[PDB]
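In the form deposited in one PDB entry, a lone chain appears below as structure tokens.
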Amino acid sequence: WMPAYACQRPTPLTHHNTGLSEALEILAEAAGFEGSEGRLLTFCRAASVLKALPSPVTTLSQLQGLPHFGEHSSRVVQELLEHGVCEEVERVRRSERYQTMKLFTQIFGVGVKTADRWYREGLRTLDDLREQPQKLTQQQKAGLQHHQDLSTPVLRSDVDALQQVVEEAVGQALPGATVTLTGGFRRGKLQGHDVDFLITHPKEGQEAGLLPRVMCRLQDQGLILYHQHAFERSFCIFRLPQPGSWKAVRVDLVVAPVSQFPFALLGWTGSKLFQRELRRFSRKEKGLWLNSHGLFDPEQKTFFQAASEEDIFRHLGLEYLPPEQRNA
């Protein structure tokens, strides 16, 4: 009764197995810090299965037959059910390796590979990094300078104000262009780590060259604390007003032609695991290649036209899920 792919089942934002899923996601995260992408995926998928269940798991036998639960994930749940704590998870939580890799990778501009190299070099704290700034990229310097603000959750109230200022710049850059809120906020989240916007124009081709024009206008308004600058994705740090002051917020802007908009909307609305699972399903079950630009039939050498996300779910033979049920 539980499908194996996350894109085959509704996953709401809030659910009935929060503690169990959080523990499995610690193990997934730790696996990623060690470069074990397969184990990360299994632990993520097992966590996501629990998010999709209609009620709390209370007994080990209720895991029988659930996809992605084998010996290891089942033992984690067993210990949580019997003792309220899983020793492996707590050992990860406490470990110097986990805590430092988490600290470093949550810096904008630092990935697993950089964090691991720093860790092996003996570095452990943000002030350790600040002491040797000549070794930092410009992006990393911005991520470290703004780290405290970027660690503060963005609220849904922040988003409306941001969208208005982005729309103002977009309308001067290209009248008629539109701004759509994507990412976690479109899936119903009340907070987030950043704000994701997708920009298009109803006349195919008019969006070409748009993002530089948008960025130059936002920068002229004094709103851009950091950006990387032809391009179509911008990973920015914005200045957001606050009472008597302001705070730094991560904002991502993406431009797509209207022909690709349903694919870009689907991709950028996520969740990350949902999209990985959807692309895996498309290729492995349907023989079609999915990305944020389109859906390709490699036998006919043709792209599927889509006018809506609904079209895309139909072309993959999947029941439609609204964004609020893509919280895999």
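Residues that one form lacks are left out of the comparison. Note that the rigid core is defined as the largest set of C-alphas that superpose within 1.5 Å between two forms. One-based numbering along the sequence shown.
The following text describes the form deposited in another entry, which does not appear among the structures shown.
- Put simply, after the core is superposed between this form and the one not shown, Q172 is the one residue in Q172, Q78, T178, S95 with a Cα shift of at least 2 angstroms.
- Once the rigid core is used as the reference frame, the Cα position of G188 differs between this form and the one not shown by less than 2 Å.
- With the core held fixed between this form and the one not shown, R213 has its Cα displaced by at least 2 Å.
- Once both forms are fitted on their core, the CA shift for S55 between this form and the one not shown remains under 2 Å.
- Segments of at least three consecutive residues in which every Cα is displaced by 2 Å or more between this form and the one not shown, once the core is aligned, are found at 171 to 175, 208 to 222, 298 to 300.
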